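Peer 1: Structure, please.
(9 chains)
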Amino acid sequence: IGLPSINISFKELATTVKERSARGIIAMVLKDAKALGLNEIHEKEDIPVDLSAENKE
Amino acid sequence: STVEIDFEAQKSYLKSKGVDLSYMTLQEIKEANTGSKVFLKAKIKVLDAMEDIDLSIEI
Amino acid sequence: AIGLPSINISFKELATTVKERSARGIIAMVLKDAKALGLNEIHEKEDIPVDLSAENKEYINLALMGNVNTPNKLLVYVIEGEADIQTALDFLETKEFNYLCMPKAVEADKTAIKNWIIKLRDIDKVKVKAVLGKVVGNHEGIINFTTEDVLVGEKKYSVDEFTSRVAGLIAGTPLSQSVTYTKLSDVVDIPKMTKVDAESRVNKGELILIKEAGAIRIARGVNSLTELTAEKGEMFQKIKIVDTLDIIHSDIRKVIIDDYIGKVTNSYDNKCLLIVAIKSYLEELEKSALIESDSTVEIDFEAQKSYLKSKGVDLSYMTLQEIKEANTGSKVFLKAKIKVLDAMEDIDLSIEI
Amino acid sequence: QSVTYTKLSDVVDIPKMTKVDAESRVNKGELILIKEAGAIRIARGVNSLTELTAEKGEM
Amino acid sequence: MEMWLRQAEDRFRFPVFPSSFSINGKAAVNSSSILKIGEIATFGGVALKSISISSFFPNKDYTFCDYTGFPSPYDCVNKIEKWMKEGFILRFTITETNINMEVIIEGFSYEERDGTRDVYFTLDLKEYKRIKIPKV
Amino acid sequence: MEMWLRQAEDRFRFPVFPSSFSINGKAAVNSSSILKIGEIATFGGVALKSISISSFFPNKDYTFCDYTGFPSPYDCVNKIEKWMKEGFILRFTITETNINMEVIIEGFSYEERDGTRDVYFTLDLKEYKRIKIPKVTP
Amino acid sequence: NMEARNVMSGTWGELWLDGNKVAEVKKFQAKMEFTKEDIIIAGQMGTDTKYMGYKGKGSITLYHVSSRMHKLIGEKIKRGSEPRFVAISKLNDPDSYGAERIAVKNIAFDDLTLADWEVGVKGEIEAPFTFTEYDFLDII
Amino acid sequence: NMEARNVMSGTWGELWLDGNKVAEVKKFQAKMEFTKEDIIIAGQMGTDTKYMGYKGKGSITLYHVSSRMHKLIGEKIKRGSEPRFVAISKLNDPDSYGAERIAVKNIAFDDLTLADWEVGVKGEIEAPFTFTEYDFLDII
Amino acid sequence: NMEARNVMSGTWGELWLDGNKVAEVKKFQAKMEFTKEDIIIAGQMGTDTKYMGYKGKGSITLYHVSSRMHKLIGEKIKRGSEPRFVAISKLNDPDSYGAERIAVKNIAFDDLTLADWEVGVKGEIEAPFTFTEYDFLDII
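Peer 2: Residues are numbered from 1 along each chain as shown, chains lettered A, B, ... in the order given. Sure, structure below:
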């Protein structure tokens, strides 16, 4: 707990991602040297950095 | 907010006093004599004032 | 003592311009003298301290002149020649102002001021600016004025001496305008420079005086920033945009501190009250030509979700209304959208036959 | 209400202090005076408790 | 839209925009009567446009005012009355329309009629054309 | 505000302030024409202002009266009628405004129309101007 | 201090019309109305009034047991004369403080009912009027 | 917070008229009305207002136990003067937070009732008025 | 598909007036009215319309527990200033889909009630107004 924080930030406009769905689960089987086992991907930005570029695409 | 008889503390006290707690109904334990002691418990909630604010502005 | 009835007459100068009422227009000047040795607040010409050197008097008079409005106030910090600039800077950190100028400054003094401005603006989140002569700052908080000789009346002023006039000029113009093509009636002539020279200087992020359309005026209102990233676009190179952003920041901070910090419990209803107040201020700015017509203020949903996740609350069971209205413990998250207007400075004509 | 950010009109000056030092002092459990928003005001309304147990908590 | 009256660099902007405005234009037509055919007509020239404005000068900062910083009601009255007295040639413009022309003031009437100290006025303007004298 | 009519040191103040007041001003614009161009106009000087006032003279002390001590209705009528008859030059002023000028009376009408014995009136005033007299050169 | 018994009951009223007692009276009204003019002054927010004049209005209601109104009016209206009447009303509740007797003078009636009957309904007469002045004989 | 006990009951009202307590009062009203002027600007869709002036209105209702109003007015209206009155109203409910005392000044009445009775009906008086100014003595 | 439970009950409303919660509120109205002009064309039978402008109207009703409106207005109307207010109304029925929160801005009240009481009747206050703009904070 520090001093009271009152920060106003200015940033550029960001793109709007598409809305989510309450139904529909997809399972993909991939083959890569590292990052083995099950993985959970809720948002598009979050992909393991270890994976290959083709798997990411 | 709630106020209520403390069952667990009364049960522990009765056990400490050495009474036979087996074959006793929950109502029997709740209303059992406990000398000059009273066990109670409660629950409340309190708020805090504004002290930190974040305002992100897109230009 | 009660005396005979009388008529009392006093004489004053007629100034057409009217002093600006906003918090902007407060100029801070640092001048080294061996006599005064203190701080003074100058609201008009008649309250300039006596026994101050005529040279510093001429600098103060240059600063007191404005473009369309006169500066709201002046802060003059008198420093001994042996005394360090760091003491003046440390004293000035507490006070509030818009622009800082130093008519007499060595390269070491200039770099100290530049570093101080960078540190205050980026780390401590204090919005201040400086006008300096021949300083490559590469920052939105530094205004780089590079014109060697300015001849007014019968005397010649150096590049550093005219920064007081420049600061008064910037602090005297309204935010609906821009300083570009503002003409100075006082200046008589300036050293000759070719058009390609002026263009190259402007591309480097310098504020210069040029002769155009039968008058002497400034070329363009740009600051020192030259290298642009994704975070800082081309809009941060303009003086007017940065000034508007700083005004918005200061006003919203004043409202929040005056009316809500420590006086109001942190519940959803009070958050709605605060949102209404901020939207009211933004609409006040919309009625003036400062920003665009449609603006929005809202609760930041993602920030609240992240805070609740960090605290460890189970977000899967609750619904969106419960996420919005959940208790946060003395913290508020908001977001807003604005668009800032710019002055017109170019004309594109498409002529048909 | 809380005493956070309440300004003292009678106080005219205090010794110079930096932001980092003030933050560390507040983290150590002190109530201090500070210069902010063109006045002198209480930085924060915390007491001297610094060691938190499982049942005590930050509140 | 905004309304301006300007005399060289001296400019005045009306604080409350009126409820309506209308421009009047006419042309002259000369008629003759010829035996056993009837009436005939020919074009004779166009007349000067006229425009009339009704509004009030507020005594306080209202929500519906165009801007902030306007002078007192009687300051506005004095300025416009001086312009009418000397017969200055002024420029009258309404933004976002085709109305931008040189005019001269024909009439000015003002009144107070309630407890607010606002001044209601009516201003009559007429288009101005300069005559060209040829030389050789 | 207050309304005053003064002749030299003889001052009169109206007991009841009217419901409204208005100043009328005009400028003379000469009209001509030019062949194949149409109508043209020139400036021909400013005209004298005018104002008209409507109120009543109370026959008793009212709560809305400006002050106490005013004369009877027909005393006020007689005073104003005498001033209009002799063609005096007067000074007319409304306080807290810009109306302060010399006038001459053009019309005065009064009437009674109810059971209160109050006298309602209408007064028409016209602005007065003086021309400077030439001086022989030294 | 006020008691419930001091409220005057209308069953104890009485009416005299042109000097003859009217035993079939049902109700009696008489009221004076004042006319006002609004006063508005430039520069002041408040609005005031002054009195201009007054007028009198009222009405009577009777059980229909005879042709009293026709005999009272007769041909006076038809012949072009202008008939006027005097009415005296008394209200004397035994439980009240005292009696209240008023004389209403210079009465001009508004209409005349010749016939108004319906099967299964008992008959009544209504007679509005206007007047100019009044006198008080007993004050409670 | 609000309790149902805090709502003021009108039985706890009191009225003074011209300095004398009126024990037979039934209801009392007093209200200020504001005059507005519509503002319409060419090129703008919305409509705004500005205040022009104000006026005061109200009324009193009493049980008929005496001739209070006739004594109060008397011959003042007939002779041609301009009578004005001052009224004071109080509302002091024991279960509410406090009292409320207001002085209503410069009162002019609208009419005067001489007789209004009917067989089998208890009598009442209604008296509307207008006023110009007011003062608050006790606030809540 | 609609359920009976989804209809909002008015007992769950809340009002803020100038930043203060009003616990004695009884009802709240706010409506925007559009002005139309009829378009008629020679040779065609049908009649059409175009919009001209809009105006805002509303009202509030309160239980009489204190003198809130007088303190809110004060002498601002009498002194000739032009006071304006902001109101926020919330409607949150637990059985509905969600909440509905609106901010009503630039409010000008129409009158002020000083006293309105009657023996045997509980007190209430009614306050109509006009406004110019609004914002939506929560949409259901």
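Peer 1: CA only for contacts and neighbour counts going forward, please
Peer 2: Fine.
Peer 1: where's the residue positioned nearest the centre of chain A, which helix or strand?
Peer 2: For chain A, the residue nearest the mean C-alpha position is residue A:46 (2.0 Å; CA atoms, centre = their mean). In this structure, residue A:46 sits in neither a helix nor a strand according to DSSP states H and E.
Peer 1: Any part of stretch E:66-83 near chain G?
Peer 2: No. For stretch E:66-83 and chain G, the contact criterion (CA under 8 Å from any CA of the partner chain) is not met; the two come no nearer than 14.2 Å.
Peer 1: residues in chain E within reach of chain H, list them.
Peer 2: Proximity of chain E to chain H, by CA under 8 Å from any CA, involves residues E:1, E:17, E:18, E:19, E:20, E:64, E:114, E:115, E:116.
Peer 1: May I ask which of those has the most neighbours?
Peer 2: By neighbour count, taken as other CA atoms under 10 Å in any protein chain shown, the most surrounded of the residues of chain E next to chain H turns out to be residue E:17 (23 neighbours).
Peer 1: Chain G against chain D: which residues are in contact?
Peer 2: Neighbours of chain D within chain G, by CA under 8 Å from any CA: none found.
Peer 1: Look at residue G:59 and say how many residues are nearby.
Peer 2: Residue crowding around residue G:59 was assessed by other CA under 10 Å; the count is 17.
Peer 1: whoops, I mixed them up, residue A:19
Peer 2: As a burial measure, residue A:19 scores 5 neighbours (other CA under 10 Å).
Peer 1: try residue G:20
Peer 2: Tallying neighbours of residue G:20 according to other CA under 10 Å, which is how burial is gauged here, yields 10.
Peer 1: Figure out the helix or strand that residue 28 lives in.
Peer 2: Picking chain A for this. Take DSSP H and E as the rule and residue A:28 turns out to sit in neither a helix nor a strand.
Peer 1: meant chain G actually
Peer 2: Residue-wise, residue G:28 maps onto strand G:25-39 under DSSP H and E.
Peer 1: Please spell out which residues along stretch G:128-140 are buried.
Peer 2: Of the residues in stretch G:128-140, those scored as buried under the neighbour-count criterion (16 or more other CA atoms under 10 Å in any protein chain shown) are G:128, G:129, G:130, G:131, G:134.
Peer 1: Contacts (any at all) between chain F and it?
Peer 2: No. Using CA under 8 Å from any CA, stretch G:128-140 never reaches chain F; the gap is at least 14.9 Å.
Peer 1: how long is that stretch end to end?
Peer 2: 27 Å (CA to CA, to the nearest Å).
Peer 1: can you list contacts of the host helix or strand of residue G:108?
Peer 2: With the criterion set as DSSP H and E, the secondary-structure element containing residue G:108 is strand G:100-109. Residues from elsewhere that reach strand G:100-109, judged by CA atoms under 8 Å, 6 or more residues apart in numbering or on different chains: G:83-92, G:127-140, H:114.
Peer 1: Same question for stretch E:28-36.
Peer 2: Residues from elsewhere that reach stretch E:28-36 (CA under 8 Å, 6+ apart): E:39, E:40, E:41, E:42, E:43, E:44, E:45, E:46, E:47.
Peer 1: Please see if the one helix or strand the fourth one maps to touches chain F.
Peer 2: It refers to residue E:42. Assigned by DSSP H and E, residue E:42 belongs to strand E:38-46. Yes. Counting by CA under 8 Å from any CA, contacts between strand E:38-46 and chain F involve E:44, E:45, E:46.
Peer 1: Could you single out the nearest of those residues to residue E:5?
Peer 2: Nearest to residue E:5 out of those is residue E:46 (CA to CA; 24.8 Å).
Peer 1: For the closest one, give the beta-bridge partners.
Peer 2: As for beta bridges, residue E:46 partners with residue E:27 under DSSP bridges.
Peer 1: Check residue G:16 too.
Peer 2: residue G:21, residue G:88.
Peer 1: ok, so what distance separates it from residue F:68?
Peer 2: Shown here: residue G:16 relative to residue F:68, a distance of 49 Å by CA to CA.
Peer 1: Same check on residue G:43?
Peer 2: Using CA to CA, we find residue G:43 at a distance of 20 Å from residue F:68.
Peer 1: ok, and what's touching stretch E:92-112?
Peer 2: The set of residues that contact stretch E:92-112 without belonging to it, under CA under 8 Å, 6+ apart, is E:1-6, E:81, E:83-84, E:87-91, E:118-129, F:20-29, G:42.
Peer 1: quick one: which of these sit in strands?
Peer 2: Residues from the contacts of stretch E:92-112 lying in strands, with DSSP state E as the criterion: E:3-6, E:90-91, E:119-127, F:21-29.
Peer 1: Looking at the contacts of stretch E:28-36, spot the one nearest chain H.
Peer 2: Chain H lies nearest to residue E:47 out of these, by CA to the nearest CA, at 27.0 Å.
Peer 1: Grab the nearest non-local neighbour of the closest residue to chain F within chain G.
Peer 2: Distance from chain F to each residue of chain G (CA to the nearest CA) is smallest for residue G:41, at 4.7 Å. Across the structure, with CA to CA, 6 or more residues apart in numbering or on different chains as the measure, the residue nearest residue G:41 apart from its sequence neighbours is residue F:19 (4.7 Å).
Peer 1: Quick check on that neighbour: phi, psi?
Peer 2: Torsion angles at residue F:19 (phi, psi; degrees, to the nearest 10) stand at phi -80, psi -30.
Peer 1: what does residue G:5 give?
Peer 2: When read as degrees, to the nearest 10, the backbone of residue G:5 gives phi -70, psi -20.
Peer 1: quick one: contacts for the closest residue to it other than its chain neighbours?
Peer 2: In space, residue G:5 comes closest to residue G:95 once its chain neighbours are excluded; the distance is 5.9 Å by CA to CA, 6+ apart. When the contact criterion is CA under 8 Å, 6+ apart, the partners of residue G:95 are G:5, G:6, G:8.
Peer 1: Swap in 10 Å and give it another go.
Peer 2: If you count contacts by CA atoms under 10 Å, 6 or more residues apart in numbering or on different chains, residue G:95 has them with G:4, G:5, G:6, G:7, G:8, G:9.
Peer 1: wait, the fourth one sits on residue G:93?
Peer 2: Yes. Assessed by CA atoms under 10 Å, residue G:7 is found in contact with residue G:93 at 8.4 Å.
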